[PDB]
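The chain below stands alone and is given in structure tokens; this is the form deposited in one PDB entry.
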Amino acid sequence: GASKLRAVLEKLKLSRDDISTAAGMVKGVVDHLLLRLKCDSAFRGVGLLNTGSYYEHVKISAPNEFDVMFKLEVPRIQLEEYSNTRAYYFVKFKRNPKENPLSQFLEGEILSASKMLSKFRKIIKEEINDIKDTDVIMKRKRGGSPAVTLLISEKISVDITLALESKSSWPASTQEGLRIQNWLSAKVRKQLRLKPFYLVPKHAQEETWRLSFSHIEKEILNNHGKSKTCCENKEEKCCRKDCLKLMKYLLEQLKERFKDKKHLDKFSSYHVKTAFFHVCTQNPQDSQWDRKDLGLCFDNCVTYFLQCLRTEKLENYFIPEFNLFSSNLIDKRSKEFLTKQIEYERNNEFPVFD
């Protein structure tokens, strides 16, 4: 029951905690990019999102794949929702010193993502060659975010996303989102909602940006209990983080198994992570997440995610009217394929964790 799950969580811990020079190679490459980008008119205010975090792993089993975010403070930003999408926006400016650092990317009153990504990719291309230390090659694929993919030596890949940062109130599409009031409290919601938000270049091909709150997600996960003391007693933690890891590895393993088929290509840890936050709101009490009940708690997540694929509904945790499971985003057959693969996993004591 929880035996296989515990063994899985223990191997994942050991693979994550093991000694590697990977993060060292990555830190040096990034610090180098940042110092080059800073002596440029457009990117003088560029910085790492979380200062101290380079080893940010989206994949729970990939210790050689890194995900880094470079944020750029955009003061006096004006947002205009694109085509009732709730999550995609045009970036405009209120403007007084109109010859602003980003004026070079303006296509009318509109901030071009394409023009900003071009300049950014170019400066990064210029710094990659100038490196005499390690073997770094700039892999380019169709995608606004991650803007860049670097490959340091073998297996060490780094995804770089450029993100605009806004320190203004969150867009109206978020007003009913982050329903943590009965779990984390109403005062925690007000405090997180006073924090900045990020816009990443992304299409739903227009010059649009997608809202990003992964820094709020990171804060929640490190202070996730109804009680302020949750997991401070290491002998009696809750199994919240474990259930999330297991949901991520389940999907990772199913994607690896069916990589030749194209059916699971559109699913990502983001879908499984969002579903897990919806189960947190559903089950707000720390007693609903006992370390002893790992198996049952994991089943609660599996069943809820399964309900989501079947009903074709998975709301974005921050933007309630953004449906991650819409038929225009992911077609029914792909969803039915995932439901079938997950149902087989549950009914065969998750063979993907063998």
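Whichever C-alpha set is largest while still superposing within 1.5 Å between the two forms counts as the rigid core. Position 1 is the first residue in the sequence shown; the rest follow in order.
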Higher C-alpha RMS shift from the shown form in 5 other deposited structures of this protein - 24-32 or 292-300, rigid core fit: 24-32
So, in 5 other deposited structures of this protein, taking the root mean square over structures and residues of the Cα distances after a rigid core fit: is 173-181 or 222-230 the more displaced stretch? 222-230
What about residue 63, left without coordinates in a third or more of the other entries of this protein that model its neighbours? no
Decide, for the other PDB entries of this protein that were compared, whether residue 45 is missing from at least a third of their models. no
Missing residues, deposited sequence, between residue 221 and residue 222 (class: none, 1 to 3, 4 to 9, 10 or more): none
Which of 297-305 and 48-56 has higher mean CA B factor, as the PDB entry lists it: 48-56
Stretch exceeding the other in mean C-alpha B-factor - 152-160, 181-189: 152-160
From 84, 145, 175, 253, which pick has the Cα B-factor that tops the rest in the entry? 145
In the PDB entry, which of 284, 196, 75, 171 has its C-alpha at the highest B-factor? 75
Give the position of residue 114 by CA B-factor within its chain, expressed as the lowest, middle or highest third. middle
Place residue 121 in the lowest, middle or highest third of its chain's C-alpha B-factors, as listed in the PDB entry. middle
Among the modelled residues of its chain, the C-alpha B-factor of residue 316 falls in the third labelled lowest
Can you tell me which third, lowest, middle or highest, the CA B-factor of residue 64 falls into for its chain? highest
Considering every modelled residue of the chain and its Cα B-factor in the PDB entry, is residue 271 in the lowest, middle or highest third? lowest
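Not on display, but discussed next: the form deposited with a partner chain bound.
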The one residue among 281, 134, 114, 169 placing a heavy atom within 4.5 Å of its partner chain in the entry with it bound is 169
Sole residue of 203, 266, 155, 76 within 4.5 Å of its partner chain in the entry with it bound, by heavy atom: 76
Honest question, do 94, 97 and 193 all end up within 4.5 Å of its partner chain in the entry with it bound by heavy atom distance? yes
Answer range among 142-150, 272-280, 185-193, 256-264 for contact with its partner chain, defined in the entry with it bound as heavy atoms within 4.5 Å: 185-193
